[PDB]
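*Asks:* Generate coordinates for the sequence data below:
(chains A and B, ligands or ions: 2)
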Protein chains: 2
Amino acid sequence: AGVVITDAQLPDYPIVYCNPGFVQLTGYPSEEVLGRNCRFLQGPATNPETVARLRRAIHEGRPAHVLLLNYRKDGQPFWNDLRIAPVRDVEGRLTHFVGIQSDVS
Amino acid sequence: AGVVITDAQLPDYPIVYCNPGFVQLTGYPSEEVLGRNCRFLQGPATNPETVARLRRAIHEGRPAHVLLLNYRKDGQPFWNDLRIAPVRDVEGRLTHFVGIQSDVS
Ligand SMILES: Cc1cc2nc3c(=O)[nH]c(=O)nc-3n(C[C@H](O)[C@H](O)[C@H](O)COP(=O)(O)O)c2cc1C
Ligand SMILES: Cc1cc2nc3c(=O)[nH]c(=O)nc-3n(C[C@H](O)[C@H](O)[C@H](O)COP(=O)(O)O)c2cc1C
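*Replies:* Numbers count the residues shown, from 1 in each chain, chains lettered A, B, ... in the order given. Ligands and ions are numbered 1, 2, ... in the order given. Now the structure:
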């Protein structure tokens, strides 16, 4: 599965890490992912109601679990079984979010 | 795959998060994982040289990728394809580690 960790302090929530699984899934190299928001995987047939629900959860700092349509680098679509979860530190401060993508096409 | 996030500030490196995939893999519920170190998955046939190499990387704050034998709750063994990676914050401070377990038995 793809595993990404976005910095939840800077605005826009950039990716600061992606495993090899996420590079095989989407087809993007680690150098074209780091620093960008994971919304680049969306496209013309991505359901906006699923995305809106996902952006509310991220903005409220709560976990999420959705099924939205994404698009590899080659432009081929795939069902993405995304699962978001908020990470906090020792003194109770949101620092990161962990995402877990799984292809269920 | 199993995904865990250990707090890298407190000593011992406790688990502060584990996805459902990690609960299906190991067979331990989320309530018996949180607060413990992921070394509870080791057993009598776990190669100590692989574990020592893993503890050096964690202590040096560097990524790792090993293949050690673990044990589910039921006592059944499995090849664990572990992949460790260090997480840092905005002002360059190690806060967490992300682990990715995959069964390759
Ligand atoms: C950690 C994390 C991982 C995300 N992964 C994905 C993803 O894999 N695919 C996707 O379409 N959106 C993903 N998102 C959603 C976007 O980051 C963004 O929050 C969403 O598109 C809504 O924001 P917007 O309405 O401003 O575009 C992820 C968000 C976070 C915080
Ligand atoms: C984030 C993270 C995840 C880990 N996951 C596992 C695991 O799934 N299985 C395992 O046998 N050891 C795992 N370890 C290794 C132990 O946490 C520990 O570092 C290792 O057993 C060496 O420490 P020790 O020699 O003091 O026991 C993980 C370590 C970290 C930091």
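*Asks:* if you look at the longest helix along chain A, does any of it touch chain B?
*Replies:* The residue-count maximum for a helix in chain A (DSSP state H) belongs to helix A:48-60. No - using C-beta under 8 Å from any C-beta of the partner chain, helix A:48-60 stays clear of chain B, coming no nearer than 15.9 Å. All C-beta spots, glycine's among them, are computed from the backbone N, C-alpha and C.
*Asks:* What's the first helix or strand after that helix?
*Replies:* For helix A:48-60, the succeeding helix or strand toward the C-terminus, using DSSP states H and E, is strand A:64-71.
*Asks:* List the pairing partners of that next one within its sheet, with orientation.
*Replies:* strand A:77-88 (antiparallel) (DSSP bridges).
*Asks:* and the residue nearest in space to the middle of chain A, what does it touch?
*Replies:* Nearest to the mean C-alpha position of chain A, counting by C-alpha atoms, centre = their mean, stands residue A:38 at 4.5 Å. Residues in contact with residue A:38 (C-beta atoms under 8 Å, 6 or more residues apart in numbering or on different chains) are A:4, A:6, A:15, A:99.
*Asks:* Quick check: the last one touching residue A:86?
*Replies:* No - at 10.8 Å, residue A:99 and residue A:86 do not qualify as touching, with contact defined as C-beta atoms under 8 Å.
*Asks:* Specify which residue of those two has the higher count of neighbours.
*Replies:* residue A:99 (23 against 18; other C-beta atoms under 10 Å in any protein chain shown).
*Asks:* For chain B, see how far away that one is.
*Replies:* 10 Å (C-beta to the nearest C-beta, to the nearest Å).
*Asks:* Relative to residue A:54, how far out is that residue?
*Replies:* Applying C-beta to C-beta, to the nearest Å, the value for residue A:99 to residue A:54 is 10 Å.
*Asks:* got any residues that touch both of those two?
*Replies:* Between them, residue A:99 and residue A:54 share the contacting residues A:82, A:84, judged by C-beta under 8 Å, 6+ apart.
*Asks:* I figured residue A:72 was touching residue A:27, is that so?
*Replies:* Yes - counting by C-beta under 8 Å, residue A:72 touches residue A:27, with 4.3 Å between them.
*Asks:* and residue A:103, what is it in contact with?
*Replies:* Here residue A:103 is in contact with A:25, A:78, A:79, A:80, A:81 (criterion: C-beta under 8 Å, 6+ apart).
*Asks:* from those, which single one is nearest chain B?
*Replies:* residue A:81 (10.9 Å; C-beta to the nearest C-beta).
*Asks:* which residues does that closest one contact?
*Replies:* By C-beta under 8 Å, 6+ apart, the neighbours of residue A:81 are A:67, A:101, A:102, A:103, A:104.
*Asks:* ok, and the most crowded of these?
*Replies:* residue A:101 (22 neighbours).
*Asks:* Go ahead and confirm it touches residue A:25.
*Replies:* Yes - at 6.0 Å, residue A:101 counts as touching residue A:25 under the criterion of C-beta under 8 Å.
*Asks:* which neighbours do those two share?
*Replies:* In contact with both residue A:101 and residue A:25: A:1, A:2, using C-beta under 8 Å, 6+ apart.
*Asks:* Name the nearest residue to residue A:53, ignoring sequence neighbours.
*Replies:* Leaving aside its chain neighbours, residue A:53 sits nearest to residue A:66 (6.6 Å; criterion: C-beta to C-beta, 6 or more residues apart in numbering or on different chains).
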